[PDB]
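One structure is given below, encoded as structure tokens.
There are 2 protein chains.
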Amino acid sequence: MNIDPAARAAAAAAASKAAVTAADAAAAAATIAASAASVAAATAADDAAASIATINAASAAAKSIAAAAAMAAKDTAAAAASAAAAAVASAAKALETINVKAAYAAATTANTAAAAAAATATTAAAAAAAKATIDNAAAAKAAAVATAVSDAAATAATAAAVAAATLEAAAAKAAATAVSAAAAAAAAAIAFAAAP
Amino acid sequence: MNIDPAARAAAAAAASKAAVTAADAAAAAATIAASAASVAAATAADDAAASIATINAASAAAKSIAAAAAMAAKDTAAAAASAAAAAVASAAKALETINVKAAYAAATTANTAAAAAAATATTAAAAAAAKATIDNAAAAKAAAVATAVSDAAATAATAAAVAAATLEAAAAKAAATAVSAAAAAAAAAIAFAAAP
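Chains as they are written, first to last, in the numbering used here: chain P, -18 to 177; chain H, -18 to 177.
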């Protein structure tokens, strides 16, 4: 029987050592991979929370703006009502001392036209103001939407880069592991063949 | 003095009635406008809350998927580890009864190559599987983003339509109010002029 006992022992120790090494490498890689997925999932949840925070803040800001706009509308109406009340008062007072029919009608004609001129201006102003408010709110909302488009792009780019880094590192590690295993097997085969 | 007392009274009653009418119309319009802005602001806050709900639900769903993917990876690794342990066992057993040097080396060569072939297949599978998981998650996220783009479009269209309806209704109301005021003033002027 032409196999030296110590040589057989050496070959068996190398096979056993290789088994343990390979098992450890497989577990190590599984752990590193699992960790990366865990981190990626937690990072994605953090980003969802940030997006929600951004929407809540914007809604809070929109709430304040709308309330202030309502007050400003109330104030604008109140100024117009003060002016209107003054005109009603002066319209009537002026007629109190007028005693010629034609003059009374002429002053009435002026009062009527004045009231219509101011009504037209007040109505038009309010349409212009309400529209501006509407446009401001739509513009704020759109800016928030646009920013979410680019943020989502950036978030997806970052995630794909981390994934790529992870897959490249795993591949380099697997490759080096294979090289080492083959070199250890190759050395053991030389040694076995050389043994007397 | 050529103004009939009752005619003067009638003219003054018409001017006073017009003042009250106009004041009531201005307040009425301000109330309707304020109401519309209030409703629009509450509707916008409801939509912000809905967007947040959608993000929370999606994050919850992504959480479940990632946990299941982790378990599936664990299971896939465990199957590969069972196979690897069986191969280590059979590799060694087979050598136990081999007593010719060349045969022992030849079987060792086969064991080494088998282990490398399976390692290569297990590594490649894991890279393919991890990538698919990564792609699935990126695809879910992108679909959610895409849906938010179109939802934001729909929400903005609905709001602009309601704003347009509101501004058109206010304008029709103001126009009718002006027509009525002018007709009442015109009738009063006829009556005053006709009075003896």
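Quick reminder that beta carbons are idealized off the backbone N, C-alpha and C, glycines included.
Listed in chain order, which residues of the segment 109 to 127 of chain H have Cβ atoms closer than 8 Å to some Cβ of chain B? Among the chains of the structure shown, chain B does not appear; the protein chains present are P and H.
Using the three-state DSSP reduction, which class does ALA176 (chain H) fall into: helix, strand or coil? The residue you call residue 176 (chain H) lines up with position 195 of the second sequence. In this structure, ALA176 (chain H) counts as coil in the three-state DSSP scheme.
Distance check for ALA25 (chain P) and residue 195 (chain H), CA to CA, integer angstroms please. The question about residue 195 (chain H) has no answer, for chain H in this structure spans -18 to 177.
So residue 186 (chain H) is in the alpha helix (DSSP H); what residue range does that whole segment cover? This structure cannot speak to residue 186 (chain H), because chain H is shown only from -18 to 177.
Against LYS74 (chain P), what residues of chain H qualify as contacts under a CB-to-CB distance less than 8 Å, listed in chain order? Counting from 1 along the first sequence, the entry for residue 74 (chain P) is found at position 93. Ordered by position in chain H, no residue passes the 8 Å Cβ test against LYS74 (chain P), which lies about 11 Å from the chain.
Between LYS(-2) (chain H) and chain P, is there a C-beta pair that is closer than 9 Å? Translated into positions along the second sequence, residue -2 (chain H) becomes position 17. Judged by the 9 Å Cβ criterion, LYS(-2) (chain H) is not in contact with chain P.
Can you say whether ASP(-15) (chain P) is buried or exposed, counting buried as having 16 or more other CB atoms within 10 angstroms of its CB? In the first sequence, residue -15 (chain P) corresponds to position 4, counting from 1. By the 10 Å Cβ count, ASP(-15) (chain P) comes out exposed.
If you measure beta-carbon to beta-carbon, which residues of the segment 22 to 33 of chain H are closer than 7 Å to chain P? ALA22, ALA25, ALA26, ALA29, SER32 and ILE33
Which residues in chain P have a C-beta closer than 7 Å to the C-beta of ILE(-16) (chain H)? List them in chain order. Numbered from its first residue, the second sequence carries residue -16 (chain H) at position 3. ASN80, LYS82 and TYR85, listed in chain order.
Is residue 202 (chain H) close to chain P, meaning its C-beta is less than 9 Å from at least one C-beta of that chain? Here chain H has residues from -18 to 177 only, and residue 202 (chain H) is not among them.
Cβ shell of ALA(-5) (chain P) (< 6 Å), same chain only, five flanking positions each side left out: Walking along the first sequence from the start, residue -5 (chain P) turns up at place 14. Excluding residues within five positions, the ones whose Cβ falls inside 6 Å are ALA169.
Contact check, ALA60 (chain H) vs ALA15 (chain P), beta carbons under 9 Å: Counting from 1 along the second sequence, the entry for residue 60 (chain H) is found at position 79. Counting from 1 along the first sequence, the entry for residue 15 (chain P) is found at position 34. In this structure, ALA15 (chain P) does not lie closer than 9 Å to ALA60 (chain H) by Cβ.
Chain H within 9 Å of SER161 (chain P), Cβ atoms only: As a working mapping, residue 161 (chain P) is identified with position 180 in the first sequence. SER161 (chain P) does not count as touching chain H.
Expressed to the nearest angstrom, what Euclidean distance is found between the alpha-carbon atoms of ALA62 (chain H) and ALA21 (chain P)? For this step, residue 62 (chain H) is matched to residue 81 along the second sequence. For this step, residue 21 (chain P) is matched to residue 40 along the first sequence. One C-alpha to the other measures close to 26 Å.
Using beta carbons (cut-off 9 Å, strictly below), is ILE13 (chain P) in contact with chain H? Within the first sequence, numbered from 1, the residue matching residue 13 (chain P) stands at position 32. Not an interface residue.
How long is the line joining the alpha carbons of residue 189 (chain P) and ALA58 (chain H), rounded to whole angstroms? Here chain P covers residues -18 to 177 and nothing more, so residue 189 (chain P) does not appear.
Say whether chain P places a C-beta atom closer than 9 Å to the C-beta of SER19 (chain H). Numbered from 1 along the second sequence, position 38 holds the residue referred to as residue 19 (chain H). True, the Cβ-Cβ gap to chain P drops below 9 Å.
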